[PDB]
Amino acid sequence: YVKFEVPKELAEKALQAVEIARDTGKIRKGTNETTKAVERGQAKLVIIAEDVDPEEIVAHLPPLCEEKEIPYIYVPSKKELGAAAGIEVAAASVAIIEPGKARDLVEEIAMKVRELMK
């Protein structure tokens, strides 16, 4: 379900955005609230771990985000995504609803992702 190669640098910035939005804004953890946020257009950025297994758990997110035109990016570790999201365990996906202080960072990420997709 990984549709493009994310530079290590950009992935770290996405984890930074999640950390910041976590402390200063509003984020959703887990595929259920992430999916719902995308469908309702509430998500400003969706972060998806590349190591989810079964894949079916998050496989629907890339196509859904494209269908709804919501920015999305992959991070290599669900463990680190969960950590950035504030939990000690893995998080398959996260949705940033309110960037908080990460408003600009999210926009930079969305812009760079737009290019990766061409």
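Numbers for residues come from their place in the sequence shown, where the first is 1.
According to the PDB record, 22 to 30 carries the higher mean C-alpha B-factor of the two stretches 22 to 30 and 74 to 82. The mean Cα B-factor in the deposited entry runs higher for 64 to 72 than for the other of 87 to 95 and 64 to 72. The entry lists a Cα temperature factor for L10 that places it in the middle third of the chain's modelled residues. Among all modelled residues in its chain, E50 ranks in the lowest third by Cα B-factor.
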